[PDB]
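Scroll down for the structure; my scribbles are underneath it.
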Amino acid sequence: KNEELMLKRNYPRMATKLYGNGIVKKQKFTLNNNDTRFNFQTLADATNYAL
Amino acid sequence: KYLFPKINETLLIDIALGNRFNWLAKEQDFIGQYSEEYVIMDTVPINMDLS
Numbered sequence: 103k104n105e106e107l108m109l110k111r112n113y114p115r116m117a118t119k120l121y122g123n124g125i126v127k128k129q130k131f132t133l134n135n136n137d138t139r140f141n142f143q144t145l146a147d148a149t150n151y152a153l
Numbered sequence: 052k053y054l055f056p057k058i059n060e061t062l063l064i065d066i067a068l069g070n071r072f073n074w075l076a077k078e079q080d081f082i083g084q085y086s087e088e089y090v091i092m093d094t095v096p097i098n099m100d101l102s
């Protein structure tokens, strides 16, 4: 093969993967001061319920 | 042929018995008729579709 092949370039080739965003996920709860005190006949058990 | 029959030993063979469950020994004060307890149902998290 001819000598000017030295001038011919050869780039390294790439193999990539893009990922992007994740998920913000949330979870809520709603604790009360009257309707839970209709149940829960002891107050300390209501505090234990809370935590 | 005339002596009263001479007894000499009674023993009362006796052994005590066990439980095989006495590490469940829970004492109380014996008040109230019914007793109950409770647990929370699971609430899996959610996709925050903020639109």
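Going down the list, the protein sequences come from chains X and L. In terms of full-length UniProt numbering, the first sequence opens at residue 103 and continues consecutively. In terms of full-length UniProt numbering, the second sequence opens at residue 52 and continues consecutively. Ideal Cβ placement from N, Cα and C applies to all residues, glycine included.
Query, Result
"Just the C-alpha distance for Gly-124/X and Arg-115/X, rounded to the nearest angstrom, thanks.", "29 Å"
"On a CA-only basis, which of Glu-105/X, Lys-130/X, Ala-117/X, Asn-104/X is nearest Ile-97/L? Give me that one, please.", "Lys-130/X"
"Along the stretch 68–85 of chain L, where does the CB come closer than 7 Å to a CB of chain X? Name the residues.", "none"
"Counting only beta-carbon atoms, is residue 23/L nearer than 7 Å to chain X?", "Past the boundaries of the shown model lies residue 23/L; chain L is included only from 52 to 102, so the question cannot be answered."
"Is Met-92/L closer than 7 Å to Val-126/X when the C-beta atoms are compared?", "no"
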